[PDB]
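In the structure tokens that follow, a single protein chain appears in two forms: structure 1, then structure 2.
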Structure 1
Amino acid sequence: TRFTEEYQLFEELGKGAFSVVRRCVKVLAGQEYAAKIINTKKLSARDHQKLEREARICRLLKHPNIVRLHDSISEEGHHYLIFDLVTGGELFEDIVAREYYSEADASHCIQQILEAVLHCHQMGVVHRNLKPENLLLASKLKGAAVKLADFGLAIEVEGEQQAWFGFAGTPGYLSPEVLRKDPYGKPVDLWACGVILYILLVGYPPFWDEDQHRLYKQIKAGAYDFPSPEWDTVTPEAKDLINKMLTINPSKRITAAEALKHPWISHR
């Protein structure tokens, strides 16, 4: 079947629970891709549902700031999710290297992220796991576009209907409603956007603790601040957008659509 006869495998790009991500070449086309290779030998019925869900969600999303799924190939004992190759690496690595982004660069960055999240939300997809590791740069040329990646934890929602969809995400980026084990939906992504925007502007996260129990307490109480000296030169309107994203009550939290109309984004 198609992958084994048409594609050649090269170096590893990442790891998963029962998957690797490897660079591959479609040999006759001379085009390179990133292949998520899932070992499907004795997968549970639910694990088969989640693989199909990831494939369906990735096929659904067509956006300049979302990684394109090229193909979904089922072979004996192996499934291949074939994505466009993205060579700029994690947004995470670029923030660490540059320490922080200027407000102009941070605004441009979060604008692209919010456009990607807006599209997801319009198509009834909640990512649930937004973070700098899951945002890739299109090239190594500075000012390259950001691409939302890894919909392995993504869920399908029916309009604005919210529910307990289970405990999933990354500690530092988890919304209060997920940590309380309360019903949630699209707003969990805007909370994560708030954490990412905070990181962009000063190069460290708003919530952090060696003790995970204290981390979760600080998140649930929205106990973040803007310490000196890094926040001393940051505009009030940057702090305002962060505040509206890092709103504990998900009803009153800014939406993707609203965030894109905020003066700090739109007047620029």
Structure 2
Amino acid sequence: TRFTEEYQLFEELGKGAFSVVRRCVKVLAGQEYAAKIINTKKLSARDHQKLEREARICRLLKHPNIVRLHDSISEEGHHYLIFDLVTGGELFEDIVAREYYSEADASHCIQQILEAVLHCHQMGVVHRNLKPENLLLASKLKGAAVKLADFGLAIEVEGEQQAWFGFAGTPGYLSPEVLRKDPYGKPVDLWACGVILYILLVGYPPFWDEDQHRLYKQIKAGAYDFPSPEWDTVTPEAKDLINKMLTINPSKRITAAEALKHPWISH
């Protein structure tokens, strides 16, 4: 079929459990891409489901701050997902290397995530697994764009309707409503932005225990803090935005629209 006839593979970029990602070129276009090549043979039932979902959901979204799916091909034992080429690695790896971000950069970064999140919510998509691992830098350049990735756990919603979509996501970034087993929707992604923003500024996360069942109580109680002295030189409008994102009640939590209009980002 048409991967062989349309595209040419080049170097290894990353390895998965059942997937490899390799730089490729749509030949008659001469445009380069990231081909995630997935051994469909090795995949389980729920793994297959997530792949179909990931392909349909990604294809709904077209935003500079979202890793675009351009194509989707199948070959008996392999599915090929043709994505944006991205050379800058994960935001996680960039936070460790740089340890924390200035308020300025932190603002410029969370800005792009929020716009991407806004597009998702405007397209009736909720990511559910927002974390620095799933936020990628376009290139090694010192102003490279941030793009949202891995929609394997993303879901479709009808307007502002909440429903029990299941327990899913990463413990550090799970919203209180998910953990309470309440119906949920768009606001979970804005909770995840709170935790990501908090990490950008001081370089460590607001919710952690070695004991997972205590971690989940810490999240549900809204039990985060701004310890002295490191937070004493952070601005109250930075903390204000965060407090609005880490609101326990999704109903009272700030939306992506509202957060983009926050002075800390607006100005």
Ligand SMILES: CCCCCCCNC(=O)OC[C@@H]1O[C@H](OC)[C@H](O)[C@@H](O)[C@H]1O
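Residue positions are counted from 1 along structure 1's sequence. C-alpha atoms forming the largest set that superposes within 1.5 Å between two forms make up the rigid core.
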- line: Lone-chain pair; form solved in complex with the named molecule identified as structure 1
query: Just one of 67, 201, 51, 57 has a CA that shifts 2 Å or more between structure 1 and structure 2 on a core fit; which is it?
result: 51
message: With both forms fitted on the core, check whether the Cα of residue 42 differs by 2 Å or more between structure 1 and structure 2.
response: yes
query: After a core superposition, would you say residue 252 shifts its C-alpha by at least 2 Å between structure 1 and structure 2?
result: no
Rigid core superposition, residue 31 Cα moves 2 angstroms or more between structure 1 and structure 2: yes
- prompt: In Å, how large is the C-alpha displacement of residue 77 between structure 1 and structure 2 after the rigid core is aligned?
  reply: 2.9
field: After superposing on the core, C-alpha shift for residue 15 between structure 1 and structure 2 in angstrom
entry: 5.4
